[PDB]
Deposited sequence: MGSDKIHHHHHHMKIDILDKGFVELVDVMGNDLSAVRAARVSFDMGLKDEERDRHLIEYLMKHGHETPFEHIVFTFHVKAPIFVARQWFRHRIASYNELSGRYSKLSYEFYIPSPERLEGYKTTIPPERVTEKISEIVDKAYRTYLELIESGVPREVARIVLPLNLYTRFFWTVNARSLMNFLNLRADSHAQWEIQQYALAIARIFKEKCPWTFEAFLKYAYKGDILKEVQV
């Protein structure tokens, strides 16, 4: 039932979990500590199929540009909603970058066009324009929500790619919440993953 807030209005919420570290042990042996030893053994040599028997269901609220990257992970199940909020980058988001415009003003200019686009959308809607058409004016930082069911193996591949300094900061934050939850429900698998398979650097 975990829920972690991300960005200004987003979140990653655990909906359900099937199995735990032992589910992988049971699959590896096809049965029902030497177990903690098996998990590391499987992880080191790359015998990842057993980890497919651990599944998670997440409910995610994220901006569309983050969701688009996320949806690139094909080995998972998705259900997106089909209620108007936008991700406004905080000023600290620009730290490290020397901008002509003070960080606060960048955050302002972003709020402004967002507000203008949204008002235009509302206007078109109020005039009878089909929502599917009017919505194309909305910006990429609009929040959407979706359910994500993914097994532990696919999830680790997701973390290898998004829990990395080379990934956009925003997606990293989401990947951090995903890892946090994965760690809570599968300590052994996660630790093992971190010790032998994790390719990123932020975890």
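- Several segments of the deposited sequence are absent from the coordinates, namely 1-11, 44-50, 101-106, 228-232.
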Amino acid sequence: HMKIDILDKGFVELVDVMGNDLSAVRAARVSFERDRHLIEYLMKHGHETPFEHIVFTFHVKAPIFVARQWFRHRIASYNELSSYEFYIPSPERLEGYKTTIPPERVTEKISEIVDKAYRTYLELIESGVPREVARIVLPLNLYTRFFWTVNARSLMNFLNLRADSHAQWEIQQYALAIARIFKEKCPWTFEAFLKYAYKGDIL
From here on, numbers count along this sequence of modelled residues.
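Think of the rigid core as the biggest set of C-alphas that the two forms share within 1.5 Å after superposition.
- The segment moving more, judged by mean Cα distance from this form in 6 other deposited structures of this protein after a core overlay, is 23-31 among 23-31 and 130-138.
- When the mean C-alpha temperature factors of 5-13 and 189-197 are read from the deposited coordinates, 189-197 comes out higher.
- Legend: mean Cα B-factor per stretch from the PDB entry, 70-78 versus 118-126; the higher mean is in 118-126.
- Out of 145, 162, 153, 34, it is 34 whose C-alpha atom has the highest B-factor in the PDB entry.
- Comparing C-alpha B-factors across 50, 63, 139, 46 in the deposited entry, the largest value falls on 46.
- Ranked against the other modelled residues of its chain, the C-alpha B-factor of residue 178 as given in the entry falls in the lowest third.
- Among the modelled residues of its chain, residue 57 has a C-alpha B-factor that falls in the lowest third according to the deposited record.
- The deposited CA B-factor of residue 168 belongs to the highest third of values across its chain.
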